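# Residue-level structure breakdown
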Amino acid sequence: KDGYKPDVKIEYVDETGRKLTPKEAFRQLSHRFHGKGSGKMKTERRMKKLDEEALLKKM
RNA sequence: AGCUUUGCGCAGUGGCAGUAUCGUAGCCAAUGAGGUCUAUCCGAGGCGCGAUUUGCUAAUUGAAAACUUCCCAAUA
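Residues numbered from 1 in each chain as written, not as in the entry; some residues may be left out. Chains lettered and ligands numbered in written order. Part of a larger assembly, values for the part shown. Heavy atoms only, no water. Residues with missing side-chain atoms left out of burial classes, pairs and counts.

Within the PDB entry, the label attached to chain A reads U4/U6.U5 tri-snRNP-associated protein 1, and the organism entered is Homo sapiens. The record lists its title as "Cryo-EM Structure of Pre-B+AMPPNP Complex (core part)".

Encoded structure:
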């Protein structure tokens, strides 16, 4: 061994940069495994939730 | 001529909602169902059935919780 301490800290942060929740991370992993994404209503709900969260974070 | 009584039906408001609201279809019942007051007084409900139906929205779980295609790659 060369001799050092591992500087490893891995995570699952979405491509948008937001750190996916463990439930959200499991949902993303299951979507990737099943090869199927969110539906139209799911997309609308996600967009509304993201917009509300962004507006709350604004002020 | 203006108002108004039983008020009715429409629309708005307030409140109530398991004891209640109603059908009650089973039964008695304006040809009296019921009693400590009132008994030579009072006079229309009670026993049993079943629910409180119409829609919208958020969320919640799930891999997907639904409304007409889809994951992909250098560009335009």
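## Describing the overall build of chain A
Across its full length, chain A holds 2 helices and 0 strands. Against the 2.2 N^0.38 benchmark of 10 Å for 59 residues, chain A shows a C-alpha radius of gyration of 17 Å, more extended than a compact globule. Seen along its three principal axes, the alpha-carbon backbone of chain A occupies a region of about 55 × 35 × 15 Å. (Helix = DSSP H or I, 4+ residues; strand = E, 2+ residues; numbered from the N terminus. Rg over C-alpha atoms; globule rule 2.2 N^0.38 Å.)

## So, helix α1 (residues 22-34)
Between the first and last C-alpha of α1 there are 18 Å, a value that for 13 residues agrees with the 18 Å anticipated at 1.5 Å per step. Phi for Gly35, located one or two positions after α1, is positive at around 65°. (Expected span 1.5 Å × (residues − 1).)

## Some words on the environment of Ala25
Checked against the element boundaries, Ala25 lands in helix α1. For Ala25 and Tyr12, which are 13 residues apart along the polypeptide, the C-alpha to C-alpha distance reads 6.7 Å. Contact partners of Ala25, with chain neighbours within four places excluded, come to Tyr12 and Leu20. (Contact = heavy atoms within 4.5 Å.)

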